[PDB]
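Novice: just need the structure, nothing else, for what follows:
(chains A and B)
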Amino acid sequence: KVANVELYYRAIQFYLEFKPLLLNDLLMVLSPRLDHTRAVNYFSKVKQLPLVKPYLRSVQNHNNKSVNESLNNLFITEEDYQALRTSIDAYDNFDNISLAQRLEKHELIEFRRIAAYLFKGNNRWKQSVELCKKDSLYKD
Amino acid sequence: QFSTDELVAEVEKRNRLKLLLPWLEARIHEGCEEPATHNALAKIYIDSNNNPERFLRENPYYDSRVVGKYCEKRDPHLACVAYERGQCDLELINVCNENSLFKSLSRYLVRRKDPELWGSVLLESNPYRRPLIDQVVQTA
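Specialist: Numbers count the residues shown, from 1 in each chain, chains lettered A, B, ... in the order given. Pasting the structure now:
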């Protein structure tokens, strides 16, 4: 019921410093009239983004840029890909090249497989097909 | 030959306005459209410890100014309605802005849509503009 908006960006800090565990409820309540981009940009400084991941999973519908990039970074660190396939398929408001740089050397067959996949979302063969020559003689 | 709007001033010093109830009751039963009586009825209704808000709204004979200045400190919640129907916008801001719920003000201005009123108010002279805007953001 508050008029201004900066009190949101102060109260997030308030809880985070005091009662960070009861922050997800506020986040779910306050997501509608909130610039989530600033929220993630501020959380990157303090770096508690792994806490608020399931909330951003809900906010993903809005298809914001920094939301997508950050949550994909968190999937990278968590080393999960099944959710990453859904994120990239259902949402495209992000650059494919930066994600490709990380996925093509992620020590893991499947992440590198995705690094080969999303190239064709940019219509760039001759590297994807060539990337998977190195490992996948298994028909891919 | 008789003076009506100053016996009230006389008994005000004597503080026995309840003395004048029956005569003025019959006088209004006749249906005289005199502000001298229709305002005194409101004044005694105020000191009755009752809620004369609807008598204040449905009596199109008295004058808003005397009830407003009289109900300034005793009850601005009624003086604002007096000014509302009496269209005493300047007095409304002269009292309700000073000490009141500014939501009723915003309800009146949005109701009584008047650009000149906004112009008179929205020029950064009045120190009390931030609360009423922080209210009308919700009342609209």
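Novice: when you work out contacts or count neighbours from here on, use the C-alpha atoms and nothing else.
Specialist: Fine.
Novice: ok, the closest residue to chain B within chain A - contacts?
Specialist: Closest contact between chain A and chain B, by C-alpha to the nearest C-alpha, is at residue A:3 (5.2 Å). Residues counted as contacts of residue A:3 (C-alpha atoms under 8 Å, 6 or more residues apart in numbering or on different chains) are B:134, B:135, B:137, B:138.
Novice: and it, how far from residue B:111?
Specialist: 21 Å (C-alpha to C-alpha, to the nearest Å).
Novice: what about the nearest residue to residue A:91 once chain neighbours are set aside, neighbour count?
Specialist: Leaving aside its chain neighbours, residue A:91 sits nearest to residue A:63 (6.4 Å; criterion: C-alpha to C-alpha, 6 or more residues apart in numbering or on different chains). Residue A:63 has 15 neighbouring residues, counting by other C-alpha atoms under 10 Å in any protein chain shown.
Novice: before we move on, what about residue B:78?
Specialist: Neighbours around residue B:78, by other C-alpha under 10 Å: 21.
Novice: and chain A, which residues reach chain B?
Specialist: With C-alpha under 8 Å from any C-alpha of the partner chain as the criterion, chain A meets chain B at residues A:1, A:2, A:3, A:4.
Novice: who wins on neighbours among these?
Specialist: When neighbours are counted by other C-alpha under 10 Å, residue A:3 leads those with 13 neighbours.
Novice: tally of neighbours for residue B:70?
Specialist: Counted with other C-alpha under 10 Å, residue B:70 comes out at 15.
Novice: er, residue B:139 actually
Specialist: Neighbours of residue B:139 using other C-alpha under 10 Å come to 13.
Novice: what about residue B:123, which SS state?
Specialist: coil (DSSP: H, G, I helix; E, B strand; the rest coil).
Novice: number of nearby residues for it?
Specialist: That count, for residue B:123 with other C-alpha under 10 Å as the rule, works out to 9.
Novice: immediately after the longest helix along chain B, which helix or strand?
Specialist: Assignment by DSSP state H gives helix B:35-47 as the longest helix of chain B. Note on helix B:35-47: by DSSP states H and E, the next helix or strand toward the C-terminus is helix B:53-57.
Novice: residues of that following helix that come out buried?
Specialist: B:53, B:56 (16 or more other C-alpha atoms under 10 Å in any protein chain shown).
Novice: now for that helix, which elements pack on it?
Specialist: Packed against helix B:53-57 by the contact rule (3 or more C-alpha pairs under 8 Å, 6 or more residues apart in numbering or on different chains; DSSP states H and E) you find helix B:76-86.
Novice: need the residues that contact the helix it packs on.
Specialist: With C-alpha under 8 Å, 6+ apart as the test, helix B:76-86 has contacts from B:53, B:56-57, B:63-65, B:67-69, B:71-72, B:89, B:91-92, B:95-96, B:100, B:108.
Novice: C-terminal to that helix, what's the next element?
Specialist: Following helix B:76-86 in sequence order, the next helix or strand is helix B:89-95 (DSSP H and E).
Novice: elements contacting that next one?
Specialist: helix B:76-86.
Novice: how far does the helix it packs on sit from the chain's center?
Specialist: With C-alpha atoms, centre = their mean, to the nearest Å as the basis, helix B:76-86 stands 4 Å off its chain's centre.
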